[PDB]
Structure formats: C-alpha cells, structure tokens
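Before any questions on binding or motion, here is one chain by itself as structure tokens, the form deposited in one PDB entry.
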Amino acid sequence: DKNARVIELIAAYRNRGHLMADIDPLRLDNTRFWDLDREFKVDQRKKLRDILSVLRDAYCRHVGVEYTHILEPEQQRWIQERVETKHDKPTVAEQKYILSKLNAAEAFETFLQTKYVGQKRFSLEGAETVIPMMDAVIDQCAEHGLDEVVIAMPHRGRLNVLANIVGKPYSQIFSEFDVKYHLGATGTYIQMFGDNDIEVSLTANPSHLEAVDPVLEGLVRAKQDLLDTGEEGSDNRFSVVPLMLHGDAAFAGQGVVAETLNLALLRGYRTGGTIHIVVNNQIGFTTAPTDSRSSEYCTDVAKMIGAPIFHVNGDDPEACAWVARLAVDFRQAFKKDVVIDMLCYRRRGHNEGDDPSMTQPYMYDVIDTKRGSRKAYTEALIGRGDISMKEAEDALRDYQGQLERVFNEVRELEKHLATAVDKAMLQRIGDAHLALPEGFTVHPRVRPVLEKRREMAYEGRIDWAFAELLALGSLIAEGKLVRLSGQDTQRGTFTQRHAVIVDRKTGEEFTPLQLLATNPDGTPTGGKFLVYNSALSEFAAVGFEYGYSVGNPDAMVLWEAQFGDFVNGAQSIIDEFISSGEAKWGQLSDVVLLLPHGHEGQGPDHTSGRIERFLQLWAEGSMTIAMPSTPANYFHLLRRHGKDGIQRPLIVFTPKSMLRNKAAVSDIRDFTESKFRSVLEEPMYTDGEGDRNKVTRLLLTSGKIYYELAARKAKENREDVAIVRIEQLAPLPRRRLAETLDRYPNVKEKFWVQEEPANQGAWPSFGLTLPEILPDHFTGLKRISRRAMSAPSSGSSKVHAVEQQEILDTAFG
C-alpha cells in the first residue's frame, strides 16, 4: 500500500505545507521547522523524489499557499496547476527591473528619514518589497488590458507608493511639506516590458485603519458602472481593480474588514474581486500578534469568502512579484478576492520616542542584524550568478543616483434651477407602475399600490412613498443614474416603496422606474435605476455608498437606514468621510442618508436618527440636513440635491407612521408649480382665509408633530396660535425665517416644539443659534419637548403616549 502513503503525503503538502514554509524573514519561531527512486502514478508516472521536490518547492519554500478551504473544485485545480509546475526562472531584465524598484523604494526611505524630522511612523523600511509587489499587480492588470487600479492604504509607505507606483513627481509630493498622508492622487502606469498603460489612483482616507475598505469598493463599483463593465455592464471584465493595502494588526481586529469581504460577491456591491496586500511586519505598534488575533494568520478572516491566501517572504522580491501576478490572474479568472500576506518587519520604532526593544527585545535584536531587502536581493543575485560584480556595482550606483535625484529635486522645489416637473412626467411615472411585462403576475396585495400610484399621478393626494419615486423617476427620465440601497429597501421597511415587484408565480423581479430610462420615442435617456437590498451592515454599506458618490459625482446615491437609530453602527464613516472629507481632503460627495425617524412608542432603538449629532457635526457648507413634513417638499428636496451642481451630503430624517397619514399628502400643483420650501407656513395663511395678525403665540417645529399641533389648533379653533415648520435644519434658512416671522406682528411668545428629549433633537443647537443669528426674532425663545434623557426615548409605548399628549397640552396651555 505504498501508493496510498504517497496520496496522503501529496494531500498533506497541499493542505498543511504552508505551516512549514520559510515565510518569516526574521525566523522568530525556532519550533516552526527508500521508495524515493520508485515510480508512482499521478494525475503520468514520476519518481517519489520528483513528486516530493515539486511539493516542497510549491508549498514549503518562500510561499505558503492556503487554497484547500475553497469550496469550488475548479478554483482549487486552477491554483494546483499553476503552483505545482517547474516555474520559468525570471529573465535578467526582470530581475534587474525588480532590483531598480527596490533601489527607488529604499532611496526614498533613506531620503525621508534624513531630510525631514517626524517621519519615523511612515517608514516602509523592512517592507520595501511591497513596492515591486504592487508594481507586479498593476503591470499584470495592464497585461490583461484593464482600465484602472484604485488603491486604498493606511499611512505606512504612502509617499513611497505615490512616487514609485502612482508615479507622482517629487515636486508635487513634497510641495509645501501630514495631510499628504491622507490625500487622493491619480496617475498613469506605463508597462516597462509591455506596450500597455493603465490608470492608477489612490483614494483619500482618515487615520482610522481599515475604515476606507468599503469606501474603496464603492468608488471602484461606481467607476465600473460608468465604464459599462462588471455586474451592471455589458462585459464581465470588471476592468477597474481594487488594490487594498492593510496592516497585520488592523486586518485582524477591525470588524469593517469582515463586513467589506462580505460584500465581495453580492450583486449590489461586487467589484469582480479585490487584490489584498497585508504588510505583515508581525507587530502592531508595541503589540505582538499573540495579543492581536486568535488565529494562525492575520488573513484568516478572508477564509469567510473562500478567498485564496498567499503567505510570502518579504525578503524574496521574486516570489512576492510572482504571487502578485498569480493573484491578478486568479481575480481575472474567478472574479473573487485574493489575499497576499507579505511577511516582513518594521526596521525602526513605531514613531519618535519608541525604542522598540523596550516591549519587543527578542524581535528587535533579530531586526538589528537584518540587512535591507535591496542589499539581500543584490547579494543573492551575485551568489546565483544571475548578475556580475560590475552589474551589482551599477545597481549600487543606480541606488545612489536615485538617492541624489530625490535630494536634488526637493532642494530645487524649496528654492521655488427649477425642480418642478410637467404633469405628463408625473403621469408617465404613474403609468410605469401598470406597464407590467407580458405575463407578469403581480402579488394581489401589491396590485392596489400600483393602481393607487396611477390614480395619484393623475388626480393628486400624492403620499410620501410615491413622491420619492416621482423625484427619482423624473431624475432617471432626465438622464441621471440613481442608486438606492439599504436594508429591505426594494420593498421598503414599512412596506411602502415597492421599487422592485416580485412575480407571485416565477419570483422574477420588475422595476417600474427603470421604464423611465427610455424616452417616449424609444431612445435611452442615459439614466438608470439601480436599487438593492443591502447586507445587514451599516459601516460597510454607508462606507460603500459614500465611496460610490465619490466614484461617480453625477450619480444620485441614496443609502437608507432600516431605522435612523442603527446608523450609529456607521459612525466612523459619518465622522471621518461624510461630514468632514471635503474640508480635510477636498474630496466631495453628494451621498444621501435616509434615516427613518419619529417618536411612535417603538422604543429607544426605533425612534431616533439622532438629529442633534448630525447638527453638532455640521459646519457651514459641509452638509444639508432636512426633516420634510410633506411629500412634495421631500420630492423638491431630492430634485434640488440631484440637480444643484453641488457635491454635498444630504441627511434626511424620513417618516414611518406619517407615510400613511392622510393629512400628509400633496396636490399635483405642489410638484408642477412649486419648489423646495425650507420654511413652511400653515396653508390657512398662504392659501386659506386665516388671519396672521390674530396670532400671539408662535410654535416653531419640524416633522410629523406639525400634524398633531395643527389638529389641536383646529379642534380648539386657536386663531391666536400659528405653527411654522423648519424643513431645512442645516444650513438654517435665516432669510426665509426672518421674512416668515415678520408676517406675524402681534406675536408675544415663541416656542420651539419637538418630540425629542431636551438634550436631543434640534433644541441643543437651535436654542443656542437662533437667538444669536436672529436676535430680534428669537430672543426669549423657549423650549417645549420631552425631558432630557440618557436614551432617545422611553422603552414604554404607554409612557410615550402620555409624554406626546403632555407636549401638545403645554403648546396650547
């Protein structure tokens, strides 16, 4: 049974060989490491010695291969065939080219640590092989004739990446020389040995490690949709490649990594596979891997989506470049993620004042005996007889010339619009709900919704749900790309949207708004409706949609929270990208966040989108924040946002029970002959027979509580009280608010009325701002709200009801 022992041995190398591969350039773990002439049958008859030597070189040399966890047998076979073959040794030209990339990379590092103070944390020393590795990824993408490689990375080696991968000149990199470590960049990569070129860009990011991961994916997907490539394209090339860099401690500890990997094969989020590179320097500031992860590898999270993982020795730039090229080939064949775990080291301390032997003495005693990756490769090429002593001297002169070039170039640098639509547009969107495909079976409970929409489009009484689809549908008809997504967003959390309808017999999906992408003459408008149900993620989903608006500034991008209360799971994206990206990096986004909000007795996690937090984050021109009370005002808000020619995030506090409130409906004329109104008066004063001069008490409010206040006003016939709505919370509509209040000359008292606790809602900012920006109108402004609470509401629906009545009685008391 000698042949049986061979089969088990072959399986052992393929499954576990990576545990014995020489991947660590520091060799920190000591414990880590005759039928030979008899011919055995293999899938071919070869000697056991030749079977074993192919398996040791393939799996136990400088590359640890993990692929037997992949469920697809064709993917396992593809890797097996490319890994278990005698590889063609690289040509002297390729070896010299790798060496030139190592020279440029280390001369950049030497210059950085010598020329400037405070640059130790950014050092790529001990990890310079990432430069020829990233070069091989991009060169291989250009070999496949792809259009672009978009990079996302943390700060380590970023300016080196700018100079030696993006190809930015020193004059631009060191111009007015820390924000440079967070800025976006764009360039063109020209193949050294090939005849192709490819676009290379780097995205902007905060210091929050891994938070840019879903942003990168969103941005790339936006670029893929524009190029008609990938999931929403005519071709299956996915010609825009995400190249995502990571650190070993951050890759294992940050939850956003798993959420972003979870998007990789989703119809709404896939980008045809991401190339991941982990700069595994086997440390996280002062922290050893045993305190940073509970798994053998920092890349083990990527096993979640059956991605192949390649652990590679960073002191072998040839194996690193070969693995990079294999990764691109796998991504092209299976449109799925590949992870490259580059084992390397951090030569110097984490930052100034870090003596790394204080916390890691054993590691740093080994590192202190380490010659650079460039010097090691130069000496290895001599040993193998690949390059002559003269060639190695020319290589050192190239190093010096590159070191001099950067010093000399930086030295010279130091020396020197209506939103209204026509009735026919409303009618076309209405009729689109009944223009079903041949033989389509509508669910019996969905059919009245489609009939009511055709009725509303011709007769009025348009509800919130339809007004939103009227805004999006008219934008699609004008040629705009509309991307809408979130948890159960196709149907709607409150069963109100039905943007996608499902055939009761076949399960086939029909999207009524997609018919507006075609003009009445049959020609395309250039518009699209891309609507998806998201994964149960907030961080990665909000990240993605923010990224998508950056990737396509001409798109209308909306993310919807199930309830506004769950958006705090995406706080890092709100804080680091959405509210602040423009001021910090000049990076613009027109992303829309829809946050269902309102006190209805559903508890502290189904009541508030935390208005007070978005209002606190706001500064002049950073975001638009609104809480519309009418369907038409919401329609005009969305149309203004998509057509204003301005890239600024919009935060909308959307209704729940108010979706079905019969008083919260709009007339055809409000869509065809009106505009967005930042401040709304009661219709009895603007259209009715109400007398503004009789008003002595003015109630200022926003949202659904208006209807309750107006119902109470009508019941008691209170002509002395007027209700004014602030529809646009930020920026404050100072002019409209001044002109509106001036029309009520006999007002003796003013109250800001809100459902939210005293420390929440708009009061903390309005109570401070309104008396300041409008002292003649808001001096003496008082608050009517729920009491200050440590949670957004009471957990009891009975307590909610008493508090709601208490607000209305106080307002009319």
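By rigid core we mean the largest C-alpha set that fits within 1.5 Å across both forms. Heads up: residue numbers just count along the shown sequence, starting at 1.
We do not show the form deposited in another entry, though everything after this point is about it.
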query: Which of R411, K694, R669, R735 is displaced between this form and the one not shown by 2 angstroms or more at its C-alpha, rigid core aligned; finding: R411
query: After fitting the core, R613 CA displacement of 2 Å or more between this form and the one not shown; finding: no
query: Cα displacement of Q402 between this form and the one not shown reaching 2 Å, rigid core superposed; finding: yes
query: Displaced residue check between this form and the one not shown: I387, CA, 2 Å or over, core reference; finding: yes
query: Pairwise C-alpha change, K584 versus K120, in that other deposited form against this form - closer or farther, 3 angstroms or more; finding: closer
